[PDB]
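Asks: Before anything else, here's the structure in question.
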There are 2 protein chains.
Amino acid sequence: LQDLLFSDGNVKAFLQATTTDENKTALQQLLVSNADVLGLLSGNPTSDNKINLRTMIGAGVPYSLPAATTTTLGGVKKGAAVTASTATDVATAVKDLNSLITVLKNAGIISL
Amino acid sequence: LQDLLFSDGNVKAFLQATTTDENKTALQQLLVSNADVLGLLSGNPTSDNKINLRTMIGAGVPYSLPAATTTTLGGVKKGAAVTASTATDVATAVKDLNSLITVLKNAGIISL
């Protein structure tokens, strides 16, 4: 009787409660007009759909913290411990300054 | 007449335009074959469905920037201000080096 009453085969499969993946694609298209949402409903959105779906919900991509560069904000590693200076001569004061410089160089806080 | 024409109860509920949550689960299964997409359509995907849905669209999880460790890339906090050195003796030069070391230690740029 459903064959006598309905022409569309995707509708008929829905009414029989047995749909193929192709029937589901067509039925999704009857229910939703946004192309990026249709991409989501397929379970296999295109690259363009993915970008647009994130825009649609205001979502970001997985963020990876980059190392600091001389031009670009980034993360650093924390420098090793450095002892306060008790230098009473120039040679030692210079030794202590250099220890700080190397620590900052080691942590990528300053350039080589 | 629909009772005389169709055997499937979930199809019949669809044709009456009145579906329960159970009818909707069954109708989803007639329309879509991918198990992870069926999880999404339920509104309550399992843990496995969630992982697979993200894979399906190439999405990442919420990213949290970890602190730098000696083995693993991470973020740092920016060090406090440090004055350029005008030291003319060793004691002062060492004092200034140590000030840099403590600043880098305070910001977790180098280890204690």
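To be explicit about the labels: the chains of the structure tokens are called A, B, and onward in the order shown, and within each one the residues are counted from 1, while ligands get numbers from 1 in the order they are shown.
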Show me, as an NGL selection string, the residues that have an atom within 9 Å of segment 58-65 of chain B when counting only C-alpha atoms, minus same-chain residues fewer than 4 positions from it.

Replies: (:A and (47 or 50 or 60-65)) or (:B and (53-54 or 74-75))

Asks: Give me, as a CSV table (one decimal) with N, CA and C atoms, in the first residue's frame, the residues of chain A touching chain B, with the criterion being at most 7 Å (counting only C-alpha atoms).

Replies:
```csv
chain,number,residue,atom,x,y,z
A,1,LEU,N,0.8,-1.2,0.0
A,1,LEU,CA,0.0,0.0,0.0
A,1,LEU,C,0.9,1.3,0.0
A,2,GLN,N,2.0,1.2,0.7
A,2,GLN,CA,2.9,2.3,0.7
A,2,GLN,C,3.5,2.5,-0.7
A,14,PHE,N,12.2,5.1,4.7
A,14,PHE,CA,11.9,5.6,6.0
A,14,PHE,C,10.6,5.1,6.6
A,15,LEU,N,9.6,5.0,5.8
A,15,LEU,CA,8.3,4.5,6.3
A,15,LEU,C,8.3,3.0,6.6
A,16,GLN,N,9.2,2.3,6.0
A,16,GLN,CA,9.5,0.9,6.3
A,16,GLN,C,10.4,0.7,7.4
A,17,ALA,N,11.0,1.8,8.0
A,17,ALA,CA,11.9,1.8,9.1
A,17,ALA,C,13.1,1.0,8.7
A,18,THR,N,13.5,1.0,7.5
A,18,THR,CA,14.8,0.3,7.0
A,18,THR,C,15.5,1.2,6.0
A,19,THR,N,16.5,1.9,6.4
A,19,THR,CA,17.2,2.8,5.5
A,19,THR,C,18.6,2.4,5.3
A,20,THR,N,19.1,2.5,4.0
A,20,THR,CA,20.5,2.4,3.7
A,20,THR,C,21.2,3.7,4.0
A,21,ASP,N,22.5,3.7,3.9
A,21,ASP,CA,23.3,4.9,4.0
A,21,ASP,C,22.9,5.9,2.9
A,23,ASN,N,19.9,6.1,1.5
A,23,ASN,CA,18.6,6.6,1.9
A,23,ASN,C,18.7,7.7,2.9
A,24,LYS,N,19.6,7.4,3.9
A,24,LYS,CA,19.9,8.4,5.0
A,24,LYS,C,20.4,9.7,4.5
A,43,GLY,N,28.7,12.0,9.1
A,43,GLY,CA,29.8,11.4,9.9
A,43,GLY,C,31.1,11.6,9.2
A,44,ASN,N,31.1,12.1,8.0
A,44,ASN,CA,32.4,12.3,7.2
A,44,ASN,C,32.4,13.7,6.6
A,45,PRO,N,32.4,14.7,7.4
A,45,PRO,CA,32.5,16.1,6.8
A,45,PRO,C,33.8,16.3,6.0
A,50,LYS,N,34.3,21.0,8.0
A,50,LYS,CA,34.9,21.0,9.4
A,50,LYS,C,35.2,22.4,9.8
A,61,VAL,N,40.6,25.1,17.1
A,61,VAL,CA,41.3,23.9,16.8
A,61,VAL,C,42.1,23.5,18.1
A,62,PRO,N,42.7,22.2,18.1
A,62,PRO,CA,43.6,21.9,19.2
A,62,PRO,C,44.8,22.8,19.3
A,63,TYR,N,45.0,23.4,20.4
A,63,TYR,CA,46.1,24.4,20.5
A,63,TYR,C,47.3,23.8,21.0
A,65,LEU,N,51.1,25.0,22.2
A,65,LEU,CA,51.9,26.1,22.7
A,65,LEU,C,53.3,26.1,22.0
A,75,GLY,N,55.8,30.0,24.6
A,75,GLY,CA,56.2,29.5,25.9
A,75,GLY,C,57.7,29.5,26.1
A,76,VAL,N,58.1,29.4,27.3
A,76,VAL,CA,59.5,29.1,27.6
A,76,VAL,C,59.6,28.0,28.6
A,77,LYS,N,60.7,27.4,28.7
A,77,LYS,CA,61.0,26.5,29.8
A,77,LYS,C,61.5,27.3,31.0
A,78,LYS,N,61.2,26.9,32.2
A,78,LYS,CA,61.7,27.6,33.4
A,78,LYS,C,63.2,27.3,33.5
A,79,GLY,N,64.0,28.4,33.8
A,79,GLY,CA,65.4,28.3,34.0
A,79,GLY,C,65.8,27.5,35.2
A,80,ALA,N,67.0,26.8,35.2
A,80,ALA,CA,67.6,26.1,36.3
A,80,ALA,C,67.8,27.1,37.5
A,81,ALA,N,68.0,26.6,38.7
A,81,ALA,CA,68.3,27.4,39.8
A,81,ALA,C,69.5,28.2,39.7
A,82,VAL,N,69.5,29.4,40.2
A,82,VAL,CA,70.7,30.3,40.3
A,82,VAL,C,70.8,30.9,41.6
A,83,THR,N,72.0,30.7,42.2
A,83,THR,CA,72.3,31.2,43.5
A,83,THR,C,72.5,32.7,43.5
A,84,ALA,N,72.0,33.4,44.6
A,84,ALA,CA,72.3,34.8,44.8
A,84,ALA,C,73.8,35.0,44.9
A,85,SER,N,74.3,36.2,44.5
A,85,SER,CA,75.8,36.4,44.4
A,85,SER,C,76.3,37.0,45.7
A,86,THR,N,77.4,36.4,46.2
A,86,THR,CA,78.1,36.9,47.4
A,86,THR,C,79.6,37.4,47.0
A,87,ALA,N,79.7,37.8,45.7
A,87,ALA,CA,81.0,38.2,45.1
A,87,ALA,C,81.5,39.4,45.8
A,88,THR,N,82.8,39.4,46.1
A,88,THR,CA,83.5,40.6,46.7
A,88,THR,C,84.6,41.1,45.7
A,89,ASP,N,84.8,40.4,44.6
A,89,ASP,CA,85.7,40.9,43.5
A,89,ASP,C,85.1,40.8,42.1
A,90,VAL,N,85.7,41.5,41.2
A,90,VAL,CA,85.1,41.5,39.8
A,90,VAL,C,85.0,40.2,39.1
A,91,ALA,N,86.1,39.4,39.2
A,91,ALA,CA,86.2,38.0,38.7
A,91,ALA,C,85.0,37.2,39.1
A,92,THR,N,84.6,37.2,40.4
A,92,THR,CA,83.5,36.4,40.9
A,92,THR,C,82.2,37.0,40.4
A,93,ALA,N,82.0,38.3,40.5
A,93,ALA,CA,80.8,39.0,40.0
A,93,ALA,C,80.5,38.6,38.6
A,94,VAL,N,81.6,38.5,37.8
A,94,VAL,CA,81.4,38.2,36.3
A,94,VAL,C,81.1,36.7,36.2
A,95,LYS,N,81.7,35.9,37.0
A,95,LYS,CA,81.3,34.5,37.1
A,95,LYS,C,79.8,34.3,37.3
A,96,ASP,N,79.3,35.0,38.3
A,96,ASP,CA,77.9,34.9,38.7
A,96,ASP,C,76.9,35.5,37.6
A,97,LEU,N,77.3,36.6,37.0
A,97,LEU,CA,76.5,37.1,35.8
A,97,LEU,C,76.5,36.1,34.7
A,98,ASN,N,77.6,35.5,34.4
A,98,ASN,CA,77.7,34.5,33.4
A,98,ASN,C,76.8,33.3,33.6
A,99,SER,N,76.8,32.9,34.9
A,99,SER,CA,75.9,31.8,35.3
A,99,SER,C,74.5,32.0,35.1
A,100,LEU,N,74.0,33.3,35.3
A,100,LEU,CA,72.7,33.7,35.0
A,100,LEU,C,72.4,33.7,33.5
A,103,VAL,N,72.1,30.0,32.2
A,103,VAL,CA,70.8,29.5,32.6
A,103,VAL,C,69.7,30.0,31.7
A,107,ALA,N,67.4,27.6,28.9
A,107,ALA,CA,66.0,27.5,29.0
A,107,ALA,C,65.3,28.1,27.7
```

Asks: Can you list, as a PyMOL selection string, all residues belonging to chain A that DSSP tags as helix (DSSP H, G or I)?

Replies: chain A and resi 2-5+9-15+21-31+35-42+47-57+90-106

Asks: Quote the spacing between atom CA of residue 3 of chain B and atom CA of residue 25 of chain B in Å to one decimal place.

Replies: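 Computed distance, atom CA of residue 3 of chain B to atom CA of residue 25 of chain B, equals 20.8 Å.
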